[PDB]
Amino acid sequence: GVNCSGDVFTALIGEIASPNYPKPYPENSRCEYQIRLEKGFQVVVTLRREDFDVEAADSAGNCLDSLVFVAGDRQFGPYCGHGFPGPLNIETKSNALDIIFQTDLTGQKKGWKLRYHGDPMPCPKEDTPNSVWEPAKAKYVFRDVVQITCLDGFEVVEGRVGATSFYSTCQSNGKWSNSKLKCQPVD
């Protein structure tokens, strides 16, 4: 095959296709594409069913040509056959993804074209005991900032002395900064 290795993708949106797409991919391909987003994002892969045609699996269900996505410990695929067999949207749960495409000596098809985007990872909303959150949202994600205001008769301890409100940021690790700070009754 050709050189289809070494490319690194770091933008929050991107598009990748097998060599020569939509003309037949090369035999004996060993392609690898690396997506590298900053911590706090997951790579989400979108691949339309009809944008994928790869040599069919053998009798034993094994892929001779294959597309595989590697995200840390997790693997998606191997995929082969006529039409993409996986979900239209794949949340890999990782900021780093390796896309690996290998082909054998015979039997080539049009190949594949995929897109990806970075999806900011969520920070779960705590139960707001004696406080209200601003803004109120169904989902908070990486870099969101909220103001947490204590109800009347409550205050923040461990923050400033005598605070009745504070801010908190959804961090790259899925946790709120200032998660130690709680609204508690006035003494």
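So that there is no doubt, residue numbering starts at 1 and follows the sequence shown.
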(message) Quick check on the record: does 37 to 45 or 130 to 138 carry the larger mean Cα temperature factor?
(response) 130 to 138
(request) Compare the mean C-alpha B-factor of 91 to 99 with that of 67 to 75 as given in the PDB entry, and name the stretch with the higher value. (result) 67 to 75
(request) Between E32, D58, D53, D144, let me know which has the highest C-alpha B-factor in the entry? (result) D58
(request) Just grab whichever of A163, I16, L12, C170 has the top CA B-factor as deposited. (result) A163
(request) Taking the values exactly as deposited, rank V156 by C-alpha B-factor within its chain and report the matching third: lowest, middle or highest. (result) highest
(message) Please place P122 in the lowest, middle or highest third of its chain according to the CA B-factor in the PDB entry.
(response) middle
(message) Could you place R115 in the lowest, middle or highest third of its chain by Cα temperature factor, using the values in the record?
(response) lowest
